[PDB]
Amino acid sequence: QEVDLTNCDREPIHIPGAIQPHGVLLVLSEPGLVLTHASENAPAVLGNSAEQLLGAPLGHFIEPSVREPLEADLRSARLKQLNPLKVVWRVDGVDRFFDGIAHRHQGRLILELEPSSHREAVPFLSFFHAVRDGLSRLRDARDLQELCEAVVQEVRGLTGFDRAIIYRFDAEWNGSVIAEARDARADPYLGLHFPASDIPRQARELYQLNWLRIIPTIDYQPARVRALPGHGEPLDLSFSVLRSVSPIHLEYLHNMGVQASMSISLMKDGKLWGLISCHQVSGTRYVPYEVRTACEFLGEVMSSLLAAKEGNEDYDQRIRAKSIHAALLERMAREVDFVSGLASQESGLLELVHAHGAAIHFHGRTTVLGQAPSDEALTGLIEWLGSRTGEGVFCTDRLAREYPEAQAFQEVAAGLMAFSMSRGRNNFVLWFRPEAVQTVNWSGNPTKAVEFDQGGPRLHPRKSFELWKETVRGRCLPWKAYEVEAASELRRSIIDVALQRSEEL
């Protein structure tokens, strides 16, 4: 299987067929630039019913002097750079001014107008210091905490959001507010863990594609998108600025007491690393696209810089383990029975991967070594490995997640790292580890992270986001990066001296 979706992961956030009403979404034909769809809030904002617009060339509605550069651009395929377009819409004799945001996706050409007349507006002065200084600050960050610390201060500053945090995912996609800047109005979340389920899978993948979103108000009545016939196929809105969002997330922000929000994907290695996340606790926030893409730009600068600073590292040990490996290989090098010459090095063996126990099943015939008793349970643990995969270095910090019968044992208070000495898969090498107790602070009860309706099958978000002390058990400490290099390394040398043994008949 492997994944293994829950109820939340089954929603299609991408094709709601409705948008946020504060500005208009059109799709143009190519090469006609003819309005094929138009969202029904068109009069409200533009001056025309959808009726009037469906099936006209676009140049009909544009003030004749700015017709040329706009067409010339829309037809460019260098588009995402050209944004934001200047659009002037002329009803009767009156001119309205919008920012055009255009993109092509799944064969359509979408254009979204946001009013740039009646504005929030950002004094260029501090727009200038944010992207000019901001860049310099980030680049001068000494460690991972200073980078985070700078990016939330700069973004907040440029946007005047009440709260703006850094949320960092973990290996199961649980969250964690590892940096924060705010105005004493908002309750500090620095520290709180959130469940994986707050940002479900169909979201998280969308967000790896579209690195920026903004909800200026949770209170709107979505605008349906009209078409003219032939195109009742639900239009794909993955890259719409104005796409309407899942209403249980509107309800979630409502249970969180935030009135507008905005976030930005952080990427390390083209998988979602974290989020910059911004809340207005009270009052809508209509942030102009320029200031959006300025903030978006500052996440891309952090993203492109995480690998440097989060490489504050630990390259020692690594040199230590590289030197424990040198000794062990030497022992086996020299006994004619290396299994018995490996476990004769209980220290170097235990200390290669930082384990508190270890085991060697070889031609029979278990020999245990450190502090991990099992024995009558170790037999279950072994043959369990041989069955369906366990090749190469298995590795888990919660052996009840895979082998649910380890909860019965010491648990990952004997945590596993293992592999087979050969491909025939009959001789293994194990590794066990104590428990990491660790009381963890949640935002609300995790186990009631989803509440249900009447009477109804319908999912609502939780109500309390108050702190909630959980003590997590089975999980041990993580198997760090190098610790799993030195397993395959030791695997590769167990194979060499074994190969040289038999070459010696």
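The first residue of the shown sequence is 1; numbering continues from there.
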Quick one: say whether 401 to 409 or 208 to 216 has the higher mean Cα B-factor in the deposited entry. 401 to 409
Stretch with the greater mean C-alpha B-factor as recorded in the entry, comparing 380 to 388 against 259 to 267: 380 to 388
Choose from 166, 181, 395, 111 the residue with the greatest Cα B-factor as stated in the PDB record. 395
Just the C-alpha B-factor column, please: which of 156, 433, 86, 104 has the biggest number? 433
Would you check the entry's CA temperature factor for residue 26 and let me know if it's in the chain's lowest, middle or highest third? lowest
In terms of the CA temperature factor given in the entry, to which third of its chain does residue 348 belong: lowest, middle or highest? highest
The third of the chain into which the C-alpha temperature factor of residue 196 falls is the middle
Using the temperature factors of the C-alpha atoms in this entry, rank residue 224 within its chain: lowest, middle or highest third. middle
Relative to the other modelled residues of the same chain, rank the CA B-factor of residue 97 and answer lowest, middle or highest third. middle
